[PDB]
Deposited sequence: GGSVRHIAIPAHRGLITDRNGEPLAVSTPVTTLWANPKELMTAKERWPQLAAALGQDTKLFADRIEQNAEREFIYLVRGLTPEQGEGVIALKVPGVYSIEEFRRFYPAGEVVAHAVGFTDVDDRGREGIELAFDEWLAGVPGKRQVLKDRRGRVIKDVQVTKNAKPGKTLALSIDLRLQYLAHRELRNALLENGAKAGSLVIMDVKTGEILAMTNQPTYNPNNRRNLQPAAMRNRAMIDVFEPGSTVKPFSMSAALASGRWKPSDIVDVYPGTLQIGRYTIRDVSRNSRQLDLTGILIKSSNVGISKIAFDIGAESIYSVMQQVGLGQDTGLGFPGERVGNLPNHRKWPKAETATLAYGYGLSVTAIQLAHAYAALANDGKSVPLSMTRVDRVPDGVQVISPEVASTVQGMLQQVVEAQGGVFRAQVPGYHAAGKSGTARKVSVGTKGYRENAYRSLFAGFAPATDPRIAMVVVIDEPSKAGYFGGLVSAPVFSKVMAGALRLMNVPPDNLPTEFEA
């Protein structure tokens, strides 16, 4: 008949929305039932009714109460709806009490599971945005005092010590409309190509906002029963790979800025191979002799870009790749985030100079590759990444000069539109620019690009992990995904068509 115990006042966790206010993580009022076993010991004849209302075995529930007969607090069931909780409270079983707290609900479910993340049973962020912005969303729990007897029965409220401070609303950079589009089209591409995993990243090249980030396979954060680590893998930020041919536009940017190269220059790639010591550079397509700079990207001649790299030096190429964020920390503060590796040399040997130029030796993520193409599309200005809505666009860094960036934009537009190019990446009504490639671990189908080519707004990267249907080539598997998703992204954002007659 006299013992004051402190009780936590759970705080209302902050709402998570997309960039337009569409709900993504909502704190839902729930009812948690707990029991005082000392009072349950006085009403044993009520146990089978209480056990059935809780969905528990009659004898197993009796064992649990008997084993905790000296305790004053045990959980019965957490996170019931207010209807279910009041149904058990209506039994008037001595020693059964209720707690009003909150539990997260995710309206979009698996569509944005990896980005939003999830909380645990204690309403604590444990993955994705929920963890990365946990202190912002969690608030501060309150403190209250309650009087319990020496047999554990609640008597009265003493006083409230500290009031609970609710969490703060957080608006993400994701556009839920684009997220739905990217989710389904990436899912359709895996089925059509017989692929098991993949990622797709959409970025606003002016603001650095991540407009969409989907990974396959995915999971429903509202369930998470029998969940495999394969589905919980945020591949766009975690899976590192050699970007290969997709970084040749950045080797070309260093060449165009050195003063020694122009798009009309010719490189002899015959016979499709090149001997560097014991190492032998080899192109996939070996049916070319002379190619201009655009033809080097269209044919993806590793020999052609290696000879250019030897002429300008690997340092100029490393500098461009470093400043656009390849192999660098993103600063997003996401859990499990992997940085990759951009190797550096005091004296770049001839072998490492070539492999750097056509994308071997270094490892990046799909987020880093999208960020790098965002800077190229943004007239050479790199804007830091953001998973939250950007109202005030930060002052970027001019990595590539606007003239050179504009020249590479046109070259990548020809990669998509010229004869023998990646025509499955064309967006109807628009001019699209990009570059296909393949990453190795068995392949990874890559396509990175942006649109409109003449005035870029949206950068996109499509990763398809091991197509089993036919052809692991990026121009065949990933480019059709780019076309469909970019078309919907341009329309939803009211980007005016630049390729109409």
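**Report entry** Segments lacking C-alpha coordinates (deposited sequence numbering, starting at 1)
**Finding:** Since the structure holds only modelled residues, the stretches it omits are 442-452, 513-517.
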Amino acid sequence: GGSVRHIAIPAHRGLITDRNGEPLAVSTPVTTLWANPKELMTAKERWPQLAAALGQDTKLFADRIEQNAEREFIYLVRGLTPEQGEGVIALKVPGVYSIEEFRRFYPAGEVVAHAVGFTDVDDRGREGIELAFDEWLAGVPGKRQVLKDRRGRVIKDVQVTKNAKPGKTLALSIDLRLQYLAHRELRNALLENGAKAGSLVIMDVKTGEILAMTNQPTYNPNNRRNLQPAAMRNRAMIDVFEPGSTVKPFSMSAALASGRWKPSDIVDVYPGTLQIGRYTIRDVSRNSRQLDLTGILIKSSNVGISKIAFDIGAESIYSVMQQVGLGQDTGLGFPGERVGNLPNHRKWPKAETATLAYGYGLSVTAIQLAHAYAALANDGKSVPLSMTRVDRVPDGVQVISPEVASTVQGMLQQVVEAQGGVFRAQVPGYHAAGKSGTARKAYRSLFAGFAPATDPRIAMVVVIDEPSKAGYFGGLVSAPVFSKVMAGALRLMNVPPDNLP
From here on, numbers count along this sequence of modelled residues.
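Think of the rigid core as the biggest set of C-alphas that the two forms share within 1.5 Å after superposition.
Query raised in the report: If you line up the core and then measure how far each C-alpha sits from this form in 7 other deposited structures of this protein, which stretch comes out higher, 86-94 or 192-200?
Result: Most displaced of the pair in 7 other deposited structures of this protein: 86-94.
Query raised in the report: Taking RMS over all structures and residues, which stretch has CA atoms farther from the shown form in 7 other deposited structures of this protein, 358-366 or 138-146, after a rigid core fit?
Result: Looking at 138-146 and 358-366 in 7 other deposited structures of this protein, the bigger mover is 138-146.
Query raised in the report: Counting only other entries that model residues on either side of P48, is it left out in at least a third?
Result: No; none of the other entries leave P48 out.
Query raised in the report: At least a third of the other compared entries lacking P452?
Result: Comparison shows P452 kept in all of the other entries.
Requested in this report: Could you settle it for me: does 372-380 or 280-288 have the higher average Cα B factor in the PDB entry?
Outcome: Higher mean C-alpha B-factor: 280-288.
Query raised in the report: Which is higher in the entry, the mean Cα B factor of 227-235 or that of 417-425?
Result: On average, C-alpha B-factors are higher across 227-235.
Report task. From the list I298, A314, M203, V158, select the residue with the highest C-alpha B factor recorded in the entry. Result -> Comparing C-alpha B-factors across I298, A314, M203, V158, the top value belongs to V158.
Query raised in the report: If you check the C-alpha B-factor for each of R177, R389, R71, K262 in the entry, which is highest?
Result: Each of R177, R389, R71, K262 was compared by C-alpha B-factor; the highest is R71.
**Report entry** Third of the chain's Cα B-factor distribution that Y106 belongs to, per the entry
**Finding:** For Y106, the deposited C-alpha B-factor lands in the middle third.
Requested in this report: Would you mind ranking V462 by its C-alpha B-factor against the rest of the chain and naming the third, lowest, middle or highest?
Outcome: Ranked within chain, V462 CA B lands in the lowest tercile.
Query raised in the report: What third of the chain, by the recorded C-alpha B-factor, contains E337?
Result: Its C-alpha B-factor belongs to the highest third of this chain's values.
Report task. Looking at the entry's B-factor column for C-alpha atoms only, identify whether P48 ranks in the lowest, middle or highest third of its chain. Result -> Answer is highest: the recorded C-alpha B-factor places it there.
Requested in this report: Grab the CA temperature factor for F133 from the record and place it in the lowest, middle or highest third of its chain.
Outcome: It falls in the middle third of the chain.
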